[PDB]
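Data block for input39.pdb (PDB, C-alpha atoms and all ligand atoms):
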ATOM      1  CA  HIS A   1       6.610   1.901  24.536
ATOM      2  CA  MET A   2       4.817  -0.142  27.204
ATOM      3  CA  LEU A   3       3.184  -2.464  24.657
ATOM      4  CA  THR A   4       5.764  -2.214  21.848
ATOM      5  CA  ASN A   5       7.928  -5.263  21.086
ATOM      6  CA  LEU A   6       6.890  -7.192  24.175
ATOM      7  CA  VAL A   7       8.273 -10.316  22.436
ATOM      8  CA  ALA A   8      11.487 -10.107  20.404
ATOM      9  CA  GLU A   9      11.565 -11.525  16.868
ATOM     10  CA  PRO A  10      14.563 -12.185  14.569
ATOM     11  CA  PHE A  11      14.036  -9.359  12.092
ATOM     12  CA  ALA A  12      17.766  -8.590  12.007
ATOM     13  CA  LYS A  13      18.681 -12.109  10.794
ATOM     14  CA  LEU A  14      15.892 -11.977   8.243
ATOM     15  CA  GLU A  15      17.113  -8.684   6.776
ATOM     16  CA  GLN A  16      20.736  -9.837   6.888
ATOM     17  CA  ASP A  17      19.813 -12.949   4.891
ATOM     18  CA  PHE A  18      17.851 -10.703   2.506
ATOM     19  CA  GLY A  19      20.845  -8.409   2.114
ATOM     20  CA  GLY A  20      18.987  -5.165   2.782
ATOM     21  CA  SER A  21      16.658  -3.367   5.161
ATOM     22  CA  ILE A  22      13.185  -4.476   6.235
ATOM     23  CA  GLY A  23      10.750  -2.080   7.882
ATOM     24  CA  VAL A  24       7.769  -3.445   9.805
ATOM     25  CA  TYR A  25       4.987  -1.966  11.894
ATOM     26  CA  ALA A  26       2.074  -4.075  13.104
ATOM     27  CA  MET A  27      -0.757  -3.064  15.408
ATOM     28  CA  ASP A  28      -3.144  -5.291  17.349
ATOM     29  CA  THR A  29      -6.180  -3.007  17.328
ATOM     30  CA  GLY A  30      -7.652  -4.807  20.328
ATOM     31  CA  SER A  31      -4.931  -4.296  22.919
ATOM     32  CA  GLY A  32      -2.835  -1.660  21.195
ATOM     33  CA  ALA A  33       0.225  -3.903  21.273
ATOM     34  CA  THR A  34       2.686  -3.316  18.456
ATOM     35  CA  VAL A  35       5.630  -4.880  16.661
ATOM     36  CA  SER A  36       8.090  -2.326  15.310
ATOM     37  CA  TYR A  37      11.352  -2.746  13.389
ATOM     38  CA  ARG A  38      12.875   0.149  11.418
ATOM     39  CA  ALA A  39       9.317   1.443  11.594
ATOM     40  CA  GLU A  40      10.126   5.160  11.318
ATOM     41  CA  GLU A  41      12.604   4.837   8.451
ATOM     42  CA  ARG A  42      11.548   5.955   4.992
ATOM     43  CA  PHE A  43      11.040   3.417   2.209
ATOM     44  CA  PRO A  44       9.867   3.935  -1.389
ATOM     45  CA  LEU A  45       6.105   3.678  -1.663
ATOM     46  CA  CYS A  46       6.189   2.268  -5.207
ATOM     47  CA  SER A  47       2.616   1.306  -6.122
ATOM     48  CA  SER A  48       1.478   1.193  -2.490
ATOM     49  CA  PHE A  49       0.435   4.845  -2.793
ATOM     50  CA  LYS A  50      -2.535   3.611  -4.868
ATOM     51  CA  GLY A  51      -4.444   2.304  -1.848
ATOM     52  CA  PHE A  52      -4.334   5.731  -0.244
ATOM     53  CA  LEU A  53      -5.264   7.280  -3.614
ATOM     54  CA  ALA A  54      -8.403   5.140  -3.737
ATOM     55  CA  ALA A  55      -9.220   6.191  -0.169
ATOM     56  CA  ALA A  56      -8.783   9.853  -1.144
ATOM     57  CA  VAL A  57     -11.185   9.330  -4.070
ATOM     58  CA  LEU A  58     -13.696   7.760  -1.670
ATOM     59  CA  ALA A  59     -13.297  10.649   0.778
ATOM     60  CA  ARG A  60     -14.026  13.100  -2.029
ATOM     61  CA  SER A  61     -17.090  11.065  -3.050
ATOM     62  CA  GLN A  62     -18.612  11.827   0.370
ATOM     63  CA  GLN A  63     -19.065  15.414  -0.859
ATOM     64  CA  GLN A  64     -19.262  14.645  -4.610
ATOM     65  CA  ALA A  65     -22.143  12.176  -4.863
ATOM     66  CA  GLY A  66     -21.538  11.624  -8.573
ATOM     67  CA  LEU A  67     -17.790  11.069  -8.468
ATOM     68  CA  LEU A  68     -17.540   7.270  -8.456
ATOM     69  CA  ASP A  69     -19.827   6.754 -11.472
ATOM     70  CA  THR A  70     -18.227   9.535 -13.546
ATOM     71  CA  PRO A  71     -16.948   8.164 -16.879
ATOM     72  CA  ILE A  72     -13.297   8.858 -17.698
ATOM     73  CA  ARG A  73     -12.097   8.663 -21.294
ATOM     74  CA  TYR A  74      -8.389   8.527 -22.045
ATOM     75  CA  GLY A  75      -6.037   8.326 -24.976
ATOM     76  CA  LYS A  76      -3.380   5.821 -25.873
ATOM     77  CA  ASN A  77      -0.789   8.218 -24.390
ATOM     78  CA  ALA A  78      -2.249   7.454 -20.937
ATOM     79  CA  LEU A  79      -1.352   3.765 -21.237
ATOM     80  CA  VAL A  80       1.991   2.938 -19.642
ATOM     81  CA  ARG A  81       3.760  -0.292 -18.772
ATOM     82  CA  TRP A  82       1.570  -2.596 -16.650
ATOM     83  CA  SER A  83      -1.940  -1.283 -17.299
ATOM     84  CA  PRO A  84      -3.728  -4.643 -17.539
ATOM     85  CA  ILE A  85      -7.278  -3.366 -16.985
ATOM     86  CA  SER A  86      -7.226   0.115 -18.489
ATOM     87  CA  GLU A  87      -5.739  -1.160 -21.751
ATOM     88  CA  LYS A  88      -8.899  -3.251 -22.262
ATOM     89  CA  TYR A  89     -11.177  -0.184 -21.946
ATOM     90  CA  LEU A  90      -9.105   2.315 -23.966
ATOM     91  CA  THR A  91     -11.845   2.480 -26.593
ATOM     92  CA  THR A  92     -14.734   2.773 -24.116
ATOM     93  CA  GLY A  93     -13.562   4.641 -21.019
ATOM     94  CA  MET A  94     -13.943   3.479 -17.422
ATOM     95  CA  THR A  95     -15.630   4.998 -14.413
ATOM     96  CA  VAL A  96     -13.739   6.552 -11.508
ATOM     97  CA  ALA A  97     -14.762   3.588  -9.352
ATOM     98  CA  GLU A  98     -13.505   1.138 -11.964
ATOM     99  CA  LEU A  99     -10.194   2.987 -12.230
ATOM    100  CA  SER A 100      -9.898   2.881  -8.439
ATOM    101  CA  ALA A 101     -10.556  -0.853  -8.312
ATOM    102  CA  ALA A 102      -8.053  -1.463 -11.115
ATOM    103  CA  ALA A 103      -5.380   0.639  -9.369
ATOM    104  CA  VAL A 104      -5.929  -1.211  -6.077
ATOM    105  CA  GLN A 105      -6.558  -4.766  -7.286
ATOM    106  CA  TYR A 106      -4.271  -5.119 -10.345
ATOM    107  CA  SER A 107      -1.865  -2.276  -9.542
ATOM    108  CA  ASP A 108      -2.874  -0.763 -12.887
ATOM    109  CA  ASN A 109      -0.378   2.031 -13.526
ATOM    110  CA  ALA A 110      -2.384   4.043 -16.072
ATOM    111  CA  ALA A 111      -5.473   3.932 -13.843
ATOM    112  CA  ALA A 112      -3.466   5.326 -10.951
ATOM    113  CA  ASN A 113      -2.172   8.283 -12.898
ATOM    114  CA  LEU A 114      -5.628   9.135 -14.258
ATOM    115  CA  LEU A 115      -6.947   9.186 -10.686
ATOM    116  CA  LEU A 116      -3.993  11.246  -9.472
ATOM    117  CA  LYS A 117      -4.931  13.869 -12.047
ATOM    118  CA  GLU A 118      -8.478  13.997 -10.672
ATOM    119  CA  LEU A 119      -7.135  14.658  -7.157
ATOM    120  CA  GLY A 120      -4.735  17.442  -8.112
ATOM    121  CA  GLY A 121      -1.621  15.354  -8.467
ATOM    122  CA  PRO A 122       0.928  14.189  -5.908
ATOM    123  CA  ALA A 123       0.414  17.296  -3.768
ATOM    124  CA  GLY A 124      -3.324  16.617  -3.677
ATOM    125  CA  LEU A 125      -2.832  13.068  -2.440
ATOM    126  CA  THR A 126      -0.244  14.284   0.078
ATOM    127  CA  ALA A 127      -2.775  16.878   1.267
ATOM    128  CA  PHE A 128      -5.356  14.136   1.817
ATOM    129  CA  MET A 129      -2.845  12.228   3.944
ATOM    130  CA  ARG A 130      -2.097  15.363   5.963
ATOM    131  CA  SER A 131      -5.848  15.774   6.500
ATOM    132  CA  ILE A 132      -6.003  12.417   8.352
ATOM    133  CA  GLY A 133      -2.962  13.256  10.489
ATOM    134  CA  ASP A 134      -0.174  11.607   8.471
ATOM    135  CA  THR A 135       2.818  13.967   8.495
ATOM    136  CA  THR A 136       5.248  11.408   7.032
ATOM    137  CA  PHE A 137       3.749  10.420   3.676
ATOM    138  CA  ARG A 138       5.037  12.275   0.659
ATOM    139  CA  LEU A 139       4.139  11.747  -2.968
ATOM    140  CA  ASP A 140       6.239  13.966  -5.199
ATOM    141  CA  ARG A 141       6.074  12.709  -8.774
ATOM    142  CA  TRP A 142       3.431  11.947 -11.314
ATOM    143  CA  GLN A 143       3.294   8.264 -12.127
ATOM    144  CA  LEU A 144       3.418   7.955 -15.917
ATOM    145  CA  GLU A 145       7.220   7.806 -16.065
ATOM    146  CA  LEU A 146       9.293   5.051 -14.450
ATOM    147  CA  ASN A 147      10.431   7.019 -11.409
ATOM    148  CA  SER A 148      13.698   5.901  -9.822
ATOM    149  CA  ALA A 149      13.788   4.622  -6.229
ATOM    150  CA  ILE A 150      17.462   5.145  -5.363
ATOM    151  CA  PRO A 151      18.774   5.034  -1.789
ATOM    152  CA  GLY A 152      18.492   8.225   0.215
ATOM    153  CA  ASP A 153      15.926   9.876  -2.072
ATOM    154  CA  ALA A 154      13.012  10.838   0.179
ATOM    155  CA  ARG A 155      10.688  11.582  -2.743
ATOM    156  CA  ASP A 156       7.701   9.222  -2.971
ATOM    157  CA  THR A 157       8.299   7.600   0.433
ATOM    158  CA  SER A 158       6.664   6.991   3.746
ATOM    159  CA  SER A 159       7.435   4.921   6.848
ATOM    160  CA  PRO A 160       5.940   1.548   7.810
ATOM    161  CA  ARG A 161       4.511   3.133  10.950
ATOM    162  CA  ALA A 162       2.784   6.017   9.142
ATOM    163  CA  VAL A 163       1.423   3.630   6.499
ATOM    164  CA  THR A 164      -0.044   1.379   9.194
ATOM    165  CA  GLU A 165      -1.458   4.254  11.228
ATOM    166  CA  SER A 166      -3.094   5.787   8.138
ATOM    167  CA  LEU A 167      -4.418   2.435   6.961
ATOM    168  CA  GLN A 168      -5.971   1.851  10.384
ATOM    169  CA  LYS A 169      -7.710   5.246  10.339
ATOM    170  CA  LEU A 170      -9.127   4.630   6.860
ATOM    171  CA  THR A 171     -10.231   0.996   7.174
ATOM    172  CA  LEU A 172     -11.236   0.733  10.855
ATOM    173  CA  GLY A 173     -11.257   4.269  12.253
ATOM    174  CA  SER A 174     -13.339   7.311  11.417
ATOM    175  CA  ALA A 175     -11.393   8.913   8.555
ATOM    176  CA  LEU A 176     -14.009   7.694   6.037
ATOM    177  CA  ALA A 177     -17.767   7.498   6.406
ATOM    178  CA  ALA A 178     -19.022   3.951   6.940
ATOM    179  CA  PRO A 179     -20.153   3.169   3.350
ATOM    180  CA  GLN A 180     -16.901   4.501   1.912
ATOM    181  CA  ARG A 181     -14.895   2.686   4.586
ATOM    182  CA  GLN A 182     -16.453  -0.623   3.611
ATOM    183  CA  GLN A 183     -15.861   0.077  -0.088
ATOM    184  CA  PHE A 184     -12.175   0.740   0.627
ATOM    185  CA  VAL A 185     -11.994  -2.511   2.598
ATOM    186  CA  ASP A 186     -13.765  -4.401  -0.199
ATOM    187  CA  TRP A 187     -11.331  -3.110  -2.809
ATOM    188  CA  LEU A 188      -8.372  -4.154  -0.646
ATOM    189  CA  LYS A 189      -9.919  -7.566  -0.018
ATOM    190  CA  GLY A 190     -10.188  -8.117  -3.780
ATOM    191  CA  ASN A 191      -6.539  -7.387  -4.488
ATOM    192  CA  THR A 192      -5.004  -9.981  -6.826
ATOM    193  CA  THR A 193      -1.317  -8.988  -6.642
ATOM    194  CA  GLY A 194      -0.463  -9.918  -3.026
ATOM    195  CA  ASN A 195      -0.850 -13.699  -2.776
ATOM    196  CA  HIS A 196       2.859 -14.217  -2.061
ATOM    197  CA  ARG A 197       3.275 -11.367   0.447
ATOM    198  CA  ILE A 198       1.359 -10.703   3.697
ATOM    199  CA  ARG A 199      -1.459 -13.014   2.569
ATOM    200  CA  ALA A 200       0.958 -15.954   2.467
ATOM    201  CA  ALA A 201       1.400 -15.545   6.248
ATOM    202  CA  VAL A 202      -2.364 -15.311   6.898
ATOM    203  CA  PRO A 203      -4.579 -18.422   7.269
ATOM    204  CA  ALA A 204      -7.067 -18.852   4.439
ATOM    205  CA  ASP A 205     -10.055 -18.660   6.822
ATOM    206  CA  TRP A 206      -9.162 -15.081   7.886
ATOM    207  CA  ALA A 207     -10.292 -12.056   5.890
ATOM    208  CA  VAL A 208      -7.509  -9.841   4.558
ATOM    209  CA  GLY A 209      -7.168  -6.805   2.335
ATOM    210  CA  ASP A 210      -3.845  -5.519   1.054
ATOM    211  CA  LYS A 211      -2.025  -3.304  -1.416
ATOM    212  CA  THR A 212       1.398  -4.158  -2.829
ATOM    213  CA  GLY A 213       4.242  -2.136  -4.256
ATOM    214  CA  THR A 214       7.314  -3.168  -6.263
ATOM    215  CA  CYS A 215      10.016  -0.922  -7.688
ATOM    216  CA  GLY A 216      12.675  -1.841 -10.209
ATOM    217  CA  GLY A 217      16.060  -2.052  -8.534
ATOM    218  CA  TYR A 218      17.487  -1.775  -5.050
ATOM    219  CA  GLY A 219      15.570  -4.729  -3.615
ATOM    220  CA  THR A 220      12.501  -2.532  -3.155
ATOM    221  CA  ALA A 221       9.046  -4.039  -2.588
ATOM    222  CA  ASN A 222       6.308  -3.759   0.011
ATOM    223  CA  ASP A 223       2.803  -4.671   1.137
ATOM    224  CA  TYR A 224       0.357  -3.359   3.700
ATOM    225  CA  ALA A 225      -2.743  -5.088   4.951
ATOM    226  CA  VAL A 226      -5.654  -5.236   7.337
ATOM    227  CA  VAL A 227      -6.208  -8.758   8.653
ATOM    228  CA  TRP A 228      -9.298 -10.012  10.500
ATOM    229  CA  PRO A 229      -8.360 -13.107  12.550
ATOM    230  CA  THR A 230     -11.515 -14.872  13.603
ATOM    231  CA  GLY A 231     -12.626 -14.262  17.163
ATOM    232  CA  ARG A 232     -10.347 -11.308  17.938
ATOM    233  CA  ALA A 233      -9.712  -7.737  16.869
ATOM    234  CA  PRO A 234      -8.164  -6.937  13.497
ATOM    235  CA  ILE A 235      -4.455  -6.448  12.917
ATOM    236  CA  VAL A 236      -3.036  -3.685  10.706
ATOM    237  CA  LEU A 237       0.485  -4.051   9.359
ATOM    238  CA  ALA A 238       3.005  -2.807   6.817
ATOM    239  CA  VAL A 239       6.186  -4.456   5.509
ATOM    240  CA  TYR A 240       8.603  -2.446   3.339
ATOM    241  CA  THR A 241      11.982  -3.472   1.940
ATOM    242  CA  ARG A 242      14.937  -1.882   0.182
ATOM    243  CA  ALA A 243      18.550  -2.851  -0.402
ATOM    244  CA  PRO A 244      21.776  -0.889  -0.885
ATOM    245  CA  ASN A 245      22.827  -1.879  -4.419
ATOM    246  CA  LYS A 246      21.151  -1.343  -7.766
ATOM    247  CA  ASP A 247      21.008  -4.997  -8.834
ATOM    248  CA  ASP A 248      19.830  -6.363  -5.476
ATOM    249  CA  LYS A 249      16.639  -8.375  -5.911
ATOM    250  CA  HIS A 250      13.439  -7.897  -4.003
ATOM    251  CA  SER A 251      11.853 -10.921  -2.357
ATOM    252  CA  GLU A 252       8.194 -11.738  -1.821
ATOM    253  CA  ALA A 253       9.227 -14.570   0.503
ATOM    254  CA  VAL A 254      11.024 -12.089   2.766
ATOM    255  CA  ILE A 255       7.874  -9.963   2.969
ATOM    256  CA  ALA A 256       5.797 -13.018   3.886
ATOM    257  CA  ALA A 257       8.381 -14.064   6.459
ATOM    258  CA  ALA A 258       8.431 -10.612   8.046
ATOM    259  CA  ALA A 259       4.624 -10.655   8.251
ATOM    260  CA  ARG A 260       4.786 -14.043   9.986
ATOM    261  CA  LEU A 261       7.261 -12.664  12.525
ATOM    262  CA  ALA A 262       5.009  -9.656  13.133
ATOM    263  CA  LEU A 263       1.993 -11.871  13.803
ATOM    264  CA  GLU A 264       4.091 -14.108  16.060
ATOM    265  CA  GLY A 265       5.345 -11.042  17.928
ATOM    266  CA  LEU A 266       1.732 -10.023  18.536
ATOM    267  CA  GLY A 267       0.854 -13.474  19.878
ATOM    268  CA  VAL A 268      -1.542 -14.090  17.002
ATOM    269  CA  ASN A 269      -1.829 -17.832  16.388
ATOM    270  CA  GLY A 270      -1.861 -18.362  12.633
TER     271      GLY A 270
HETATM  272  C1  LIG B   1       3.774  -0.400  -8.488
HETATM  273  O1  LIG B   1       4.575  -0.761  -7.618
HETATM  274  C2  LIG B   1       4.003  -0.788 -10.040
HETATM  275  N1  LIG B   1       5.427  -0.971 -10.108
HETATM  276  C3  LIG B   1       6.144  -0.528 -11.189
HETATM  277  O2  LIG B   1       5.583   0.008 -12.160
HETATM  278  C4  LIG B   1       7.707  -0.546 -11.150
HETATM  279  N2  LIG B   1       8.349  -1.611 -11.523
HETATM  280  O3  LIG B   1       7.693  -2.679 -11.961
HETATM  281  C5  LIG B   1       8.533  -3.840 -12.004
HETATM  282  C6  LIG B   1       7.732  -4.974 -12.664
HETATM  283  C7  LIG B   1       8.965  -4.185 -10.559
HETATM  284  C8  LIG B   1       9.824  -3.490 -12.936
HETATM  285  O4  LIG B   1      10.816  -4.241 -12.811
HETATM  286  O5  LIG B   1       9.709  -2.511 -13.696
HETATM  287  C9  LIG B   1       8.259   0.763 -10.590
HETATM  288  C10 LIG B   1       7.491   1.798 -10.103
HETATM  289  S1  LIG B   1       8.570   3.109  -9.581
HETATM  290  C11 LIG B   1      10.071   2.147 -10.005
HETATM  291  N3  LIG B   1      11.410   2.589  -9.829
HETATM  292  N4  LIG B   1       9.686   0.972 -10.508
HETATM  293  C12 LIG B   1       3.096  -1.991 -10.375
HETATM  294  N5  LIG B   1       2.801  -2.695  -9.080
HETATM  295  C13 LIG B   1       3.268  -3.830  -8.724
HETATM  296  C14 LIG B   1       2.823  -4.373  -7.276
HETATM  297  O6  LIG B   1       3.590  -5.094  -6.628
HETATM  298  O7  LIG B   1       1.717  -3.939  -6.983
HETATM  299  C15 LIG B   1       4.332  -4.777  -9.516
HETATM  300  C16 LIG B   1       4.630  -6.091  -9.320
HETATM  301  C17 LIG B   1       4.935  -4.109 -10.736
HETATM  302  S2  LIG B   1       3.788  -3.041 -11.643
END
If you convert what's in this file into C-alpha cells, what do you get?
Amino acid sequence: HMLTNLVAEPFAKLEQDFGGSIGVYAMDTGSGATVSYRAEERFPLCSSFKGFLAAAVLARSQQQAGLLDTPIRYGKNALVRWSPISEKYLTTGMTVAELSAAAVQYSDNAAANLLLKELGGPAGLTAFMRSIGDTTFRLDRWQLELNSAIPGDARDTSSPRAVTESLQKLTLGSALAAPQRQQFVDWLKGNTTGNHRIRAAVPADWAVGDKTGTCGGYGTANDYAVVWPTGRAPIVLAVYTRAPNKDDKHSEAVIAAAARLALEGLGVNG
C-alpha cells in the first residue's frame, strides 16, 4: 500500500464521462510504485488472451526445440471473422511461430484458435497462467465462435492487476528463458492494432509492446503494454473497460487517456 496511488488521478471522472467502468494497474518496475483503479475487478479478456497464449507457446518451445518451426495446415472451417493473416496462407499452411506473430500483431482470430488447440485449449492456457503464479486469469471457451461478454459473466476474464503482474513476469522477470523472453517482447513491439490505445500516450522515442482486445457490445475493450522510457526502468500496465448496457460503445481514446493518467500518477514525464 505504501507505494500505491501516491498521487491521485481523476479516473472516476474519466469513467463517468465514458459511461462505464475502467480498470487500471500500472507498475514502475524501478521503484515498485503503482497506480491502481478497479485493479482487482474482472473484465473480459477479449483478444488480450492471445499475448499470454503466445507466451505459453514460447514456454513450451523451451522443452520442444522444434515447436516454433512446426508447419500447421488448416482448412477453410478454421477461418473465422477477422483472420487477416491466416486467410492468406490457407492454401500453404503457416508455422507455429507465424501463427503466434499473427495472433499477437494482427489479433488474427483463426491463428489464435489453432494455437489454443496446440496447448490443450482454454484449460491448457489457464494452466500455464497458474504455473507463473496467476490465480485470477481464466479462459473458458474456445475462440472460433463469437463468445458473448455480458456483465457479470466471469468466463474469459482476468483483472488489470493480474494481467500486469503476469505480463511483468513474462517480459521482464524470469518466467521465460532469455531468448524466449526477447521473442515475446519483439512480438509485442511489432503489434499493429494498438496505435490508438496505450501507445497514443507513449512518446514515439520510447519502446513499447502491447496486445489489444475488443469485444462486441457493452463498451468492452482493453490493452496491456510494457513501456521502456529512456533512462529509467520499464513500466508495465493494463487498461480494461466495460460498460453496463449492450449498445454502449467502447472508446480507444478513453484507453489512451487512462494510460496517460497512469503514467502521470507514476511521475513518468511523457
Ligand atoms: C479480439 O479482441 C478480436 N475481437 C473480436 O473478434 C470481437 N469483436 O470484434 C469486433 C470488431 C469488436 C466486433 O464488433 O465484432 C469479439 C471477441 S469476443 C466478443 N463478444 N467479441 C479481434 N481483436 C481486436 C483487438 O482489438 O485486438 C479487434 C479490434 C476486433 S477483432
Inset, instruction - Would you mind listing the residues within 10 Å of ligand LIG 1 (chain B), counting only C-alpha atoms and all ligand atoms, as an MDAnalysis selection string? - result: chainID A and resid 44:50 80:84 103:110 112 141 143:150 156 191:194 197 210:223 249:250 252
Just C-alpha atoms for this one: save the residues we selected as a tab-separated table (two decimals), in the coordinates of the input.
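Written output follows (again_31.tsv):
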chain	number	residue	atom	x	y	z
A	44	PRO	CA	9.87	3.94	-1.39
A	45	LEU	CA	6.10	3.68	-1.66
A	46	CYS	CA	6.19	2.27	-5.21
A	47	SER	CA	2.62	1.31	-6.12
A	48	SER	CA	1.48	1.19	-2.49
A	49	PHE	CA	0.44	4.84	-2.79
A	50	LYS	CA	-2.54	3.61	-4.87
A	80	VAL	CA	1.99	2.94	-19.64
A	81	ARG	CA	3.76	-0.29	-18.77
A	82	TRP	CA	1.57	-2.60	-16.65
A	83	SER	CA	-1.94	-1.28	-17.30
A	84	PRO	CA	-3.73	-4.64	-17.54
A	103	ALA	CA	-5.38	0.64	-9.37
A	104	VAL	CA	-5.93	-1.21	-6.08
A	105	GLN	CA	-6.56	-4.77	-7.29
A	106	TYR	CA	-4.27	-5.12	-10.34
A	107	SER	CA	-1.86	-2.28	-9.54
A	108	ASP	CA	-2.87	-0.76	-12.89
A	109	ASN	CA	-0.38	2.03	-13.53
A	110	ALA	CA	-2.38	4.04	-16.07
A	112	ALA	CA	-3.47	5.33	-10.95
A	141	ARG	CA	6.07	12.71	-8.77
A	143	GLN	CA	3.29	8.26	-12.13
A	144	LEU	CA	3.42	7.96	-15.92
A	145	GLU	CA	7.22	7.81	-16.07
A	146	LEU	CA	9.29	5.05	-14.45
A	147	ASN	CA	10.43	7.02	-11.41
A	148	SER	CA	13.70	5.90	-9.82
A	149	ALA	CA	13.79	4.62	-6.23
A	150	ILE	CA	17.46	5.14	-5.36
A	156	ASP	CA	7.70	9.22	-2.97
A	191	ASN	CA	-6.54	-7.39	-4.49
A	192	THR	CA	-5.00	-9.98	-6.83
A	193	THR	CA	-1.32	-8.99	-6.64
A	194	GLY	CA	-0.46	-9.92	-3.03
A	197	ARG	CA	3.28	-11.37	0.45
A	210	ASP	CA	-3.84	-5.52	1.05
A	211	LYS	CA	-2.02	-3.30	-1.42
A	212	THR	CA	1.40	-4.16	-2.83
A	213	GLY	CA	4.24	-2.14	-4.26
A	214	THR	CA	7.31	-3.17	-6.26
A	215	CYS	CA	10.02	-0.92	-7.69
A	216	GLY	CA	12.68	-1.84	-10.21
A	217	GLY	CA	16.06	-2.05	-8.53
A	218	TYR	CA	17.49	-1.78	-5.05
A	219	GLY	CA	15.57	-4.73	-3.62
A	220	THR	CA	12.50	-2.53	-3.16
A	221	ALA	CA	9.05	-4.04	-2.59
A	222	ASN	CA	6.31	-3.76	0.01
A	223	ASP	CA	2.80	-4.67	1.14
A	249	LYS	CA	16.64	-8.38	-5.91
A	250	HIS	CA	13.44	-7.90	-4.00
A	252	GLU	CA	8.19	-11.74	-1.82
Taking the file as shown, find all residues satisfying the PyMOL selection byres (((chain A and resi 117) around 12) and not hetatm) and write them as a PDB file with C-alpha atoms, keeping the file's coordinate frame.
ATOM      1  CA  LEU A  53      -5.264   7.280  -3.614  1.00  0.00           C
ATOM      2  CA  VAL A  57     -11.185   9.330  -4.070  1.00  0.00           C
ATOM      3  CA  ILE A  72     -13.297   8.858 -17.698  1.00  0.00           C
ATOM      4  CA  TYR A  74      -8.389   8.527 -22.045  1.00  0.00           C
ATOM      5  CA  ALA A  78      -2.249   7.454 -20.937  1.00  0.00           C
ATOM      6  CA  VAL A  96     -13.739   6.552 -11.508  1.00  0.00           C
ATOM      7  CA  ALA A 110      -2.384   4.043 -16.072  1.00  0.00           C
ATOM      8  CA  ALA A 111      -5.473   3.932 -13.843  1.00  0.00           C
ATOM      9  CA  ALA A 112      -3.466   5.326 -10.951  1.00  0.00           C
ATOM     10  CA  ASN A 113      -2.172   8.283 -12.898  1.00  0.00           C
ATOM     11  CA  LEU A 114      -5.628   9.135 -14.258  1.00  0.00           C
ATOM     12  CA  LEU A 115      -6.947   9.186 -10.686  1.00  0.00           C
ATOM     13  CA  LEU A 116      -3.993  11.246  -9.472  1.00  0.00           C
ATOM     14  CA  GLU A 118      -8.478  13.997 -10.672  1.00  0.00           C
ATOM     15  CA  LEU A 119      -7.135  14.658  -7.157  1.00  0.00           C
ATOM     16  CA  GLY A 120      -4.735  17.442  -8.112  1.00  0.00           C
ATOM     17  CA  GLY A 121      -1.621  15.354  -8.467  1.00  0.00           C
ATOM     18  CA  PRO A 122       0.928  14.189  -5.908  1.00  0.00           C
ATOM     19  CA  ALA A 123       0.414  17.296  -3.768  1.00  0.00           C
ATOM     20  CA  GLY A 124      -3.324  16.617  -3.677  1.00  0.00           C
ATOM     21  CA  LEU A 125      -2.832  13.068  -2.440  1.00  0.00           C
ATOM     22  CA  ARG A 141       6.074  12.709  -8.774  1.00  0.00           C
ATOM     23  CA  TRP A 142       3.431  11.947 -11.314  1.00  0.00           C
ATOM     24  CA  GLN A 143       3.294   8.264 -12.127  1.00  0.00           C
ATOM     25  CA  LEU A 144       3.418   7.955 -15.917  1.00  0.00           C
TER      26      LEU A 144
END
Inset, instruction - Write out as a ChimeraX atom specification the residues lying within 7 Å of range 130-140 of chain A, counting all atoms listed in the file and excluding same-chain residues fewer than 6 positions away. - result: /A:122-123,155-159,162,166,175
Could you give me, as JSON lines, a per-residue list for range 117-186 of chain A showing, wherever an atom lies at most 12 Å from an atom of range 25-37 of chain A, the closest pair of atoms and their distance in Å to one decimal, using only C-alpha atoms and sorting by chain then residue number from low to high?
{"residue": "A:159", "atom": "CA", "partner": "A:25", "partner_atom": "CA", "distance": 8.9}
{"residue": "A:160", "atom": "CA", "partner": "A:25", "partner_atom": "CA", "distance": 5.5}
{"residue": "A:161", "atom": "CA", "partner": "A:25", "partner_atom": "CA", "distance": 5.2}
{"residue": "A:162", "atom": "CA", "partner": "A:25", "partner_atom": "CA", "distance": 8.7}
{"residue": "A:163", "atom": "CA", "partner": "A:25", "partner_atom": "CA", "distance": 8.6}
{"residue": "A:164", "atom": "CA", "partner": "A:25", "partner_atom": "CA", "distance": 6.6}
{"residue": "A:165", "atom": "CA", "partner": "A:27", "partner_atom": "CA", "distance": 8.5}
{"residue": "A:166", "atom": "CA", "partner": "A:27", "partner_atom": "CA", "distance": 11.7}
{"residue": "A:167", "atom": "CA", "partner": "A:27", "partner_atom": "CA", "distance": 10.7}
{"residue": "A:168", "atom": "CA", "partner": "A:29", "partner_atom": "CA", "distance": 8.5}
{"residue": "A:169", "atom": "CA", "partner": "A:29", "partner_atom": "CA", "distance": 10.9}
{"residue": "A:171", "atom": "CA", "partner": "A:29", "partner_atom": "CA", "distance": 11.6}
{"residue": "A:172", "atom": "CA", "partner": "A:29", "partner_atom": "CA", "distance": 9.0}
{"residue": "A:173", "atom": "CA", "partner": "A:29", "partner_atom": "CA", "distance": 10.2}
Could you pull the residues within 10 Å of residue 15 in chain A, counting all atoms listed in the file, minus those fewer than 4 positions along the same chain, as a compact mmCIF listing (two decimals) with C-alpha atoms, in the frame of the given file?
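What landed in out-v7.txt:
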# COMPACT_ATOMS: atom_id res chain seq x y z
CA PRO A 10 14.56 -12.18 14.57
CA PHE A 11 14.04 -9.36 12.09
CA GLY A 19 20.84 -8.41 2.11
CA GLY A 20 18.99 -5.16 2.78
CA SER A 21 16.66 -3.37 5.16
CA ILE A 22 13.18 -4.48 6.24
CA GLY A 23 10.75 -2.08 7.88
CA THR A 241 11.98 -3.47 1.94
CA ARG A 242 14.94 -1.88 0.18
CA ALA A 243 18.55 -2.85 -0.40
CA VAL A 254 11.02 -12.09 2.77
CA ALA A 258 8.43 -10.61 8.05
Legend entry - Point-to-point distance in Å for CA of residue 238 in chain A and CA of residue 195 in chain A: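 For CA of residue 195 in chain A relative to CA of residue 238 in chain A, the distance reads 15.0 Å.
The smallest atom-to-atom distance between residue 203 in chain A and any of A:56, A:239, A:97, A:227, using all atoms listed in the file, is found for A:227.
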Legend entry - Selected residue, from A:187, A:236, A:102, A:58, that lies nearest to residue 89 in chain A when counting only C-alpha atoms: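 Ranking A:187, A:236, A:102, A:58 by distance to residue 89 in chain A, first place goes to A:102.
Distances from A:268, A:231, A:154, A:178 to residue 202 in chain A were compared using only C-alpha atoms, and the smallest one belongs to A:268.
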